[PDB]
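Following this are structure 1 and structure 2, which are two forms of one protein chain, each written alone as C-alpha cells.
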Structure 1
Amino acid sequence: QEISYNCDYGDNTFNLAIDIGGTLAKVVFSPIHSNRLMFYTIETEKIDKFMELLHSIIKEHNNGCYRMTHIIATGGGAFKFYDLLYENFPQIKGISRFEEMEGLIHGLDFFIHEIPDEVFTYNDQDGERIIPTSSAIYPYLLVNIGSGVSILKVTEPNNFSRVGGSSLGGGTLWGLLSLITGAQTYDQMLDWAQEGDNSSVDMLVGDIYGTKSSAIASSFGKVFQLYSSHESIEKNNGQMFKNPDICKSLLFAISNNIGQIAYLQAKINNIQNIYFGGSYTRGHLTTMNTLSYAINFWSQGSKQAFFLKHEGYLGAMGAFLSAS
C-alpha cells in the first residue's frame, strides 16, 4: 500500500514509524525525497521477526543507512519496547516515542483532512460511498479496534480524550474462532462468516417466542442446549456445529457489541460521527455492514459509522507526522 504525498524531508532523514500493538505491528515510512507514504503490517508473534522486518525496510528502502534513519515508536507498546529498539538498532540516528492516543488522532485527522478517497461509508444496500472530507467533521468518536477496543472523543483538532473501551475486541473474535474452528487465518474466518447462518447456534427472537424475527436474542444461545455406573457422557460431547455458522455468530456477537458500546458512548457525549479504526474490518463487507447497521439501528439513522481505507495505520501515521 502506498499514498502519494509531498512530504517534508528538511531533516534529510528516513522516518520509520512503528505502531506496536498487542498482536500486530504497523509501520509507516517514506523513502527520502520519494513523496510516497508506504504502509506495512506484520504479525509480531515472535519479537525477533518484527525487528527483522525493520532491518529489511532500512536495507531495502534507505540503502541500509541506519545513521540516517529515525524510528518513532507508538501504539500501546511504544514506551515498553523503547529500550529493546535501541538494543536492536545501535547505529540508528535516533529513536523517539509518540503516545498511543495522540498518535491515533493525529493520524486520523491527517487522513480526514489531507488524503482523498480515504473516508467512506458502507452498507449492503447503498454500497461504498466515499466521503469528501478532504474537500461538519467535529465532534467525532474514534473506535479503535484491535487488542481490545479503545474509544476516543475528539471535539476539535488537537483536543481529545479517552472514554471507556472494551476488552471484547478483535483479539477476542480471532481467539475464539481460532480455538473453536481451527481456522488459521483471518481470511478463512471471514470467508466462513460470509457464508454461514448464525441461526443454527444463536437464539433468535423467533426461537424464544415461537413462530424483527431475525433479531438475535442470545448469541451462541443454542449451543449449551460418585463414580461411573451408567453410559458415558459422550452424547453431548459429540454434538457438532457448523464452522461457517459459528464464524457468522461470533462475528455478529463481537461487532454488534462494539457497535452498541460505540453508540452508547456517542449518545452520552452528544456525538453523531463514529469512525472505526484498527485492523478489525479489513475492508470486509459483512463486518462493515454489521458495524454500520448497529449504529444505524440504535440511532434510527441519526448517527453515522465511517470507515477508513488505512484504518490500521492511524497511530503509525500520527507518529510519522510527529517526526517532521
Structure 2
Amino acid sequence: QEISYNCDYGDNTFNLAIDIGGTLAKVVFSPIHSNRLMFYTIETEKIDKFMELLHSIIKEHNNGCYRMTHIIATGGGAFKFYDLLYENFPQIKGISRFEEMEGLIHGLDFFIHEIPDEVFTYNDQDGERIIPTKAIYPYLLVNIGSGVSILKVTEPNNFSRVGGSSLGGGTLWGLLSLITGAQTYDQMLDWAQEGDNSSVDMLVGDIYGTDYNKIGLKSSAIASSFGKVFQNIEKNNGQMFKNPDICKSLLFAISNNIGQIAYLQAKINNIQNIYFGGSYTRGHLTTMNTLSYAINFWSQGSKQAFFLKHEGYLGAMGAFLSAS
C-alpha cells in the first residue's frame, strides 16, 4: 500500500530496508526518482523466498543494479541472518544494521509528522478518525507482533523500551490455532467477531449476580477469561465449547491485557497518546475497538489509543530513513 513521499535521491542509492522479526520479515524501499515508498511482508521462516523477493525487487525496481543497492537490516534477523544475507548479495554497495528500537521509533515518528492519512483513532461509537498529524510528546508505542514491546518517546531522538510482554499476537494465533483449528488469522478474527465469550468466561454478573460499581465494573465485565471451562487431532474430542466463543474470549483476553499494560506504562510515564504498531490490529474493527476501549476505560477518557495504516512497517521504515 504505497505512500507518496518526496525522497532525497541525491546519493543515487537504492535503499532496501528489511526488518526480520521472529515471524515476519518486512521490506521498505523506494525505486530511485519514484517518490514512492513500497512495502511487502513475507514469513521469516520462508527465508529463501525472502531473499528471492529481495533479488526480485532489485531486478524490477532498480534495473538489476546491485552496485547501487544498500541493504539496511533491523530486527533480530539483522544479526541472525546477516551472514546469509552478506553471502547471498555479493555485489551490493553494502549491508548494514540499524538498531531495532531506534528503527521502530524513527519510523513511527516519521509517520506521525510527515504522512497524512496514516494515524487514526477508532472505536465503534465514533468510527474512524484520521488525525491531521510538540503536543506530540511524550507518546507511547505499543508494538504488537508475536510478542509486545512498549517504548516511550519523550522528544525527537529520546526514547527507551520501558517493558514488553510475552502475551502478544503469537499467543493469540497459537492458542486459537491449536484449540479451534482455525487455519488463518483472518478466519479466527471472523470467528471471534461472531462469537460470544460469555460461554467460556466468568463475568462479574456470574459472581455477584449484578454490577460491582464500588470497584467500577459492570455485570458484563470479564472477571476470568476461560473461567467457565475448568469449572465444567485431540481437542476435537476435548471440545464441548463453541470455537467462535473461544476466539472471542481469547481476543478479548489478550487485547484487554495489552490495553492494561499500555495504560499502566502510560500512567507511570505521564503519556496521553498511545500508538499501536505491529501485525496485530490489521484494520480489524473489533480489535481496534477493544484496544481503544481498554485505554479509555482505564484512563477514564484521559488517554487515547491510536492506530497506523502502515502499522507493521515501523522498523523497516525507520531503517529506511537512516540510510538518508
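We call the rigid core whatever largest set of C-alpha positions still superposes within 1.5 Å between the two forms. By convention here, residues take numbers in order along the sequence of structure 1, the first being 1.
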Tell me whether residue 239 is among the residues that move between structure 1 and structure 2 (Cα shift of 2 angstroms or more, core superposed).
yes
When the rigid core is overlaid, by how much has the CA of residue 7 moved between structure 1 and structure 2, in Å to one decimal?
0.8
Quick one: CA shift at residue 55 between structure 1 and structure 2, core fit, Å?
2.1
